[PDB]
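Commentary on secondary and tertiary structure
Listed below are the residues making up each chain.
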Amino acid sequence: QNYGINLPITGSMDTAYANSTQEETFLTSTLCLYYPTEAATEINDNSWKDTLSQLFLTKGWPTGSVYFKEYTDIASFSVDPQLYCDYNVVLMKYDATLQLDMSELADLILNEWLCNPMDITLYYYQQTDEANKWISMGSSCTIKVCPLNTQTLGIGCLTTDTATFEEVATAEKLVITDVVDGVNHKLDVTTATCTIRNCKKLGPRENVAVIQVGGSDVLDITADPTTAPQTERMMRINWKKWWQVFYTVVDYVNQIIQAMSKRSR
Amino acid sequence: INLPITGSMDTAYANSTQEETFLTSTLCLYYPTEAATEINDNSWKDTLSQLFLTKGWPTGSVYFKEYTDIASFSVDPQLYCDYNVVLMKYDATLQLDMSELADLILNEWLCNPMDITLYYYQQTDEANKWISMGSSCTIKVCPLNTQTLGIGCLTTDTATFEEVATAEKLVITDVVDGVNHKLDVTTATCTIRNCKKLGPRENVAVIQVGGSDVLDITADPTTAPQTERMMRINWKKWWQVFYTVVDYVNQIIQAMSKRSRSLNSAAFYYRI
Amino acid sequence: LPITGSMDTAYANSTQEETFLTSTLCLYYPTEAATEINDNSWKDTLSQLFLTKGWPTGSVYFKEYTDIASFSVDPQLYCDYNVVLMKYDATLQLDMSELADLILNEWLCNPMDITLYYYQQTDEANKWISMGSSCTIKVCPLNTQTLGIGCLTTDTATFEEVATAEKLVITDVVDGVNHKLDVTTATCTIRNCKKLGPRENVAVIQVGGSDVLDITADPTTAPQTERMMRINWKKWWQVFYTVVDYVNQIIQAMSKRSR
Amino acid sequence: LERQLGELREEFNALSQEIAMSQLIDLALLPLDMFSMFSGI
Amino acid sequence: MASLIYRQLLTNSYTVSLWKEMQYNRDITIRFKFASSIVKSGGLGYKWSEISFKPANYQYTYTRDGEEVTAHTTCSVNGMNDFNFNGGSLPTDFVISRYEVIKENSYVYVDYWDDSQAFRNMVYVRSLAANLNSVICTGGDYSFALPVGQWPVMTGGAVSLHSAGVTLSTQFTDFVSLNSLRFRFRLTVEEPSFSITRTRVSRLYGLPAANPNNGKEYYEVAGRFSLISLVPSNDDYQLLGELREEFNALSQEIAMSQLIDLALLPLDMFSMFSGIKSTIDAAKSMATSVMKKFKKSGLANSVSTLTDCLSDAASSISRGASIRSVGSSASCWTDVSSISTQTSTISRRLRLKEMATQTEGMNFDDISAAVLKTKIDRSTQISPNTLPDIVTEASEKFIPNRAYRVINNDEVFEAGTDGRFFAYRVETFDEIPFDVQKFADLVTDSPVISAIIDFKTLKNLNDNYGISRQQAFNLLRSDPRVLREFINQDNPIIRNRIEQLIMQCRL
Ligand SMILES: *[C@@H]1O[C@H](CO)[C@@H](O)[C@H](O)[C@H]1NC(C)=O
Ligand SMILES: *[C@@H]1O[C@H](CO)[C@@H](O)[C@H](O)[C@H]1NC(C)=O
Ligand SMILES: *[C@@H]1O[C@H](CO)[C@@H](O)[C@H](O)[C@H]1NC(C)=O
Ligand SMILES: *[C@@H]1O[C@H](CO)[C@@H](O)[C@H](O)[C@H]1NC(C)=O
Ligand SMILES: [Ca+2]
Ligand SMILES: [Ca+2]
Ligand SMILES: [Ca+2]
Ligand SMILES: [Ca+2]
Ligand SMILES: [Ca+2]
Ligand SMILES: [Ca+2]
Ligand SMILES: [Ca+2]
Ligand SMILES: [Ca+2]
Ligand SMILES: [Ca+2]
């Protein structure tokens, strides 16, 4: 039980594939859905949760292993998303004007970020690698940056006149900023109504599963403009109702949970 | 990991893992409002940063998170740093509060939510307690018997329940382990969780700025231990306290060790 | 020089009943004790009592002190065995800890010229001790090129205040930066002092509350030594009879100086 | 401010032991004149 | 080594330092003062044309921390606003066409200067910073001298002076011109307002331009400054006739065994100028002082001329300088009894073989430099202007006559500047006709050795103090080990030769 260390593991190639942990992992695990208010609005039923629970009960998932957690809007969900379960699903509506925010949401929840705090009044910060970004949460974040030169002076900006700074966000509830790695930046932020945190993207979180409901797949998790990948737990559907979507999810919940995998950390 | 490790006693190995991260440490102080009040300066954070710079810590590594009161801090303490120091003032009328805070932050907890109404819960071992956080938590508990009746209380009259918390924000309740209890809590203003205590959190260090050691981290009254990361100071000003902390931060850092289980922001893991 | 020995030799006789005859003892008691006692011959009484233990009459001295702070102001301990009785006061915790840090430990002290020179601490034991009737100290660290950090080398208001109206102060600052100071040199004298090995010749006895003294400025040891003792009290005659009866234990816990 | 020399000694104690021996003996056969010694550092 | 010091002098000739970057940190007491210019229009005396500020000089002397310092401070203002107040169009109503007032938008300049060192030669400055404390400056009571009527009095007015940036400036006057430091101060209006009494103006802020000093002798504010400036390293900018005799008195008092022990040490510039208890100016400029004369001498010029003639003998060949060459062909290392003459002429360049690192033995110039370092640490008469050209007279006149040898197949060919030549076998000392046109071909390229142990004394020794093969080979090779072993065995046939070398190292 040597935690806090990493040791070489070993095995062989003559051992046979063991039994199916399915029908036991469902029982000793929990499933949390995150649906939009529009779904329950269209539905207009009070027992749809008990219905979906009795339906899961056929697939194997017991009654009190399923959880539903509503969210009025994608931005209100992006505002401090606290996903604490053993298998999370997130149904996400498409909006071409919200594309960047619902891609930042994906890059934030699909992955596992190691987040240190930040204090703008004292220090000037710089990035070291390409995965050390600055994520800002709150109700309305208005972020401005002034890069500095080798001798602690601005570049096209002045270290007093905040108006000359360069604006990257304007009244956004969630922002994920990457800047040039090797240069110190001076920041202006609405600290009162927004918290910024300097976070490093570690390996991914295999515990959540985003399911786009509408348009084509556009989410560019990787900030670098070369990959544009499509991960395995990045699903798409085309919709005209919501009951059909929930029935699809329930009928194919085993493929979903096979695409997901209990966390490491 | 289950696999074993080996060693020796003659070697001088020198071979070890090397990698990179956020820049080789971070530190976060938790100081009371009273300290900045007494100081009455708006450059003391930068002063302490440039002081720590002599001890090695670079510019973007030291942080301060002011907290108004011990109770306010106990209400959802969100620690996300690679080293945490907590200055804490002595008040004989708050011993239990600042021992519950200690037992909460120093130790690592694994918490599941709780539904008071639909179910009646119980404790298994001497480490499965019930922690409640909020703004005003008034708790009452009725033990039960084998036949699902009460014992010195009545399942209907909440007044018959026995009171254990009155006007507390943080409560850590330990009850008899092996019987079903029925609970009444101000669920509107407080949230209660069934938590289990695990190996300690080596990332935090408490510093009792004032009186003698009183914190009984271990709920059992027989141990009354005192850990390496539980310090004491005698104080008449705050500038001298901070200069002391800075002059002796390398001992604080030799006494604290980075986490092992995982990364997390709160003072407990959630496992449903 | 080097010292050899052996394990086959035998144990010698008890140096007690001779160390008493060829040493001196000095109690340091508060005026409160004399007040509560309200007698003129209590010193003669205690000396005649010590005379049973073996301490002769012209060996025991009683050196009253009006207050812990007035005592901390230049305590001139010159005896072969010193015992101190110390009341407990939360408002005087740091002062009665600095007193202990001063007397229990032997200090190699050099003078200090604030107005003309700026000083720094080298190791964790080179501290700055100020004594006097009312000290009010302020410190401003400096950078490599003699500029202030959160303070101004000229504007005394911008300095950082660490002591206020204190009769004794023991100041430890960050070791490696040059500080400028502002001290009431009229009423308080300040010395730069390196802590040598402990003084095994004094014995503090705390008459009141629990053990709070933290000699070590580092907040990791918090050690309790052999000659830092405690008692619970409701009268003073009981305390003095206890001291008398268990003086041999105290003098076994203490050891004459080497210097 | 630069450092506390105690902590710089502890930086040396962090660079305690791990010089290779072939590499050290090859490094100690070079006229590491002023330019080479104060350029690369 | 002891000749390597000469080679190092020659090498560092290009350095033939004076300036320096010095850091000054001093406390000061800025005692300044305002001044007003009250201009009164004509007429009866009720009409004021202007009331402005004027640059206010003030010179004084105040006490620093044990110093009595003379200082000079010049106050001025900039960006002050101009207000006006008219009570009527008559000559008999109290009107002020224009009066100056201070507010946030304006600034206060203060040029400061002292007689201390920081201000004596301040012409270049960088990394300038300063710590100043804020004060309050308030206006007094200026009574407008109306011939008749009431007495208006401009009274009140206070302003808080907060520090600002610092720069340089130059205070000019009809007597003195001072390179001064310009302290700048920003202003914030205070609670006490300025008001003229018996007049409809009140509850207005700023500082009155009439009596800003408030009847005081000065406004005192402390401060501190830090900078990095350029300054001449010599901190002052704003008669051989007897020396030779001292050398000849110190010549033989020096010993021989310890001298030979010291003549094997590379006494580089530090080691050569450390034991000299120099003066504050010599310790700063000694090496360059001696070098600027060392590269003026026959030695340096002869070295540079040999180099010029080697360059020209490598280049000229198509028009090759045919002056003379005995041997294979032109070298410029052999350029010329005829035999004795040629040998002396070749030995006057074997001295350059010596101070060119192309030797093997005690390298006589090394002994000369050891004598020099043993004499100039004892001689009382040593000075900054004095050591230069003494080092050179030493290097030039120490051991004028000196001999050399070359070994080839166990046959030694000697030579000397005194016109003497000796050929002889190593094992069995017996002379031979001196083979010229082979000695030259050999000394040109093969290494040379010095004649510390020269053939005459060598043969006297091999006769009286019978000698072994290895000892004789090492004495031919001029080994300091065997040399010092004989000197400790007290051999007069070597002690006499060493004493002769001393007496030639005479100056
Ligand atoms: C694994 O599956 C096989 C076939 O279904 C079954 O016979 C076996 O008992 C299973 N393993 C266990 C441990 O039950
Ligand atoms: C560590 O490195 C040294 C030299 O590189 C080597 O001799 C030693 O064997 C290594 N340690 C182990 C456990 O192999
Ligand atoms: C030590 O004690 C023993 C027993 O009391 C006694 O016989 C002996 O004389 C003592 N030593 C001396 C030196 O008197
Ligand atoms: C002459 O020199 C010798 C040693 O060389 C010394 O002993 C003697 O005192 C000197 N003569 C005088 C008059 O000092
Ligand atoms: Ca966004
Ligand atoms: Ca980046
Ligand atoms: Ca701009
Ligand atoms: Ca509590
Ligand atoms: Ca009851
Ligand atoms: Ca329990
Ligand atoms: Ca210290
Ligand atoms: Ca300050
Ligand atoms: Ca004190």
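Look up: the structure comes first, before these words.
First, a word on scope: everything that follows refers to the structure included in this document. (Residues numbered from 1 in each chain as written, not as in the entry; some residues may be left out. Chains lettered and ligands numbered in written order. Part of a larger assembly, values for the part shown. Heavy atoms only, no water.)

1. Here we look at the interface of chain B and chain C
The interface is formed by 24 residues belonging to chain B together with 32 residues belonging to chain C. Taken together, the links from chain B to chain C amount to zero salt bridges. Contributions of two or more residues to the side of chain B that touches chain C are made by α2 (44–55), β12 (230–232) and α5 (238–247) of chain B. In terms of residue count, α5(B) provides more of the side of chain B that touches chain C than any other element does, six residues in total. Of the residues contributing to the side of chain B that touches chain C, the split by class is eight nonpolar, 10 polar and six charged. (Contact = heavy atoms within 4.5 Å. Salt bridge = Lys/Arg side-chain N within 4 Å of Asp/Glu carboxyl O. Helix = DSSP H or I, 4+ residues; strand = E, 2+ residues; numbered from the N terminus. Nonpolar A, V, L, I, M, F, W, Y, C, P; charged D, E, K, R; others polar.)

2. Re a negative patch on the surface
All names here are of chain B. Negative charge collects at one region of the surface, where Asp125, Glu126, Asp177 and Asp220 lie side by side. Mapped onto the secondary structure, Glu126 falls in the loop between β4 (107–113) and β5 (128–134). A residue is classified by how much of its surface remains accessible, and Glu126, at 61% relative accessible area, is exposed. (Patch = residues over 30% accessible without salt bridge, like charges linked within 9 Å, V, L, I, M, F, W, Y side chains within 5 Å. Areas by Shrake-Rupley, 256 points an atom, 1.4 Å probe, with all protein chains shown as cover. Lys, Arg positive; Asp, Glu negative; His and termini not counted. Charge placed at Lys NZ, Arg CZ, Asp CG, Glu CD. Buried < 20%, exposed > 50% of the residue type's maximum accessible area, 1.4 Å probe, protein only.)

3. Quick word on the coordination of the calcium ion (ligand 8)
Residues and elements named next belong to chain B. Each protein donor to the calcium ion (ligand 8) is listed here as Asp97 (OD), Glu100 (OE), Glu168 (OE) and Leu170 (O); together their distances run 2.4 to 2.5 Å. All donor residues of the calcium ion (ligand 8) come from one chain, and their arrangement in sequence is D-x2-E-x67-E-x1-L. Pair noted here: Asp97 is in helix α4 (residues 95–105) and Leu170 is in the loop between β7 (162–168) and β8 (171–173), with a separation of 73 residues, a long-range link. For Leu170, a relative accessible area of 5% translates into the label buried. (Donors = N, O, S within 2.8 Å, 3.2 Å for Na, K, Ca; no water.)

4. Let's talk about the sheet that holds strand β18 (residues 403–407) of chain E
Residue and element names in this part refer to chain E. Here five strands make up an open sheet; going across it, the order is β21-β20-β19-β18-β22 and the pairing antiparallel. If you trace the sheet from one side to the other, it starts and ends with β21 (431–432) and β22 (449–450), each paired once. Across two bridges, strand β20 (residues 423–425) lies against β21 in antiparallel orientation. Pairing of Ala423 across the sheet is with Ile432, part of β21. (Pairing = 2+ DSSP bridges.)

5. Here we look at the interface of chain B and chain D
Taken together, the contact between chain B and chain D spans eight residues of the former and seven residues of the latter. For the chain B face of the interface with chain D, the top three residues by lost area are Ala14(B), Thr54(B) and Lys55(B), together amounting to 59%. Summed over the shared surface of chain B and chain D, the number is zero salt bridges. Split by residue class, the side of chain B that touches chain D holds three nonpolar, four polar and one charged. (Buried area = accessible area lost by both parts, 1.4 Å probe.)

6. Comments concerning the side chain of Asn116(A)
As for its placement among the helices and strands, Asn116(A) is situated in strand β4 (residues 111–116). By relative accessible area, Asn116(A) is classed as buried at 3%. Ignoring any residue separated from it by four or fewer positions in sequence, one finds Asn116(A) in contact with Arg197(A), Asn198(A), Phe22(B), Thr26(B), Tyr80(B) and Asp82(B).

7. Some words on the sheet that holds strand β3 (residues 88–92) of chain A
The strands that make up a sheet pair up through hydrogen bonds in the backbone, lying either parallel or antiparallel. Residues and elements named next belong to chain A. One open sheet holds the five strands; their spatial order is β2-β1-β3-β11-β12, and the pairing between them is parallel. The open sheet terminates on both sides in strands that have one partner only, identified here as β2 (66–68) and β12 (234–236). Pairs of neighbouring strands in the sheet enclose a mean axial angle of 20 degrees, with direction left out of account. Here three bridges tie strand β11 (residues 208–212) to β12, and the two strands are oriented parallel to one another. For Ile211, the partnering residue across the bridge sits in β12 and is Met235. (Axes fitted to C-alpha atoms, helices over the stretch in contact; angles between N-to-C directions.)

8. Description of the state of the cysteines
Per the counting criterion, the structure on display carries 13 disulfides over all chains. Disulfide pairing places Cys141(A) opposite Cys194(A) at an S-S distance of 2.0 Å. Measuring the twist about the S-S bond at about -95 degrees, one finds the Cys141(A)-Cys194(A) disulfide to be left-handed. Of the two residues, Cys141(A) sits in strand β5 (residues 132–141) while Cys194(A) sits in strand β10 (residues 194–204), which places them 53 residues apart along the sequence. Here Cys141(A) matches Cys194(A) in class, with each residue buried. Covalently, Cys28(B) is tied to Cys81(B) through a disulfide, its sulfur atoms 2.0 Å apart. Residues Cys28(B) and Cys81(B) share a disulfide whose torsion about the S-S bond is about -90 degrees; that sign makes it left-handed. Within this pair, whereas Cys28(B) is found in strand β1 (residues 27–30), its partner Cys81(B) is found in the loop between α3 (70–74) and β3 (84–88), the two being separated by 53 residues in sequence. The exposure class of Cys28(B) is buried, given its relative accessible area of 0%. In this structure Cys75(E) is a free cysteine whose sulfur lies 7.9 Å from that of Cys137(E), the closest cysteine sulfur available. (Disulfide = S-S within 2.5 Å.)

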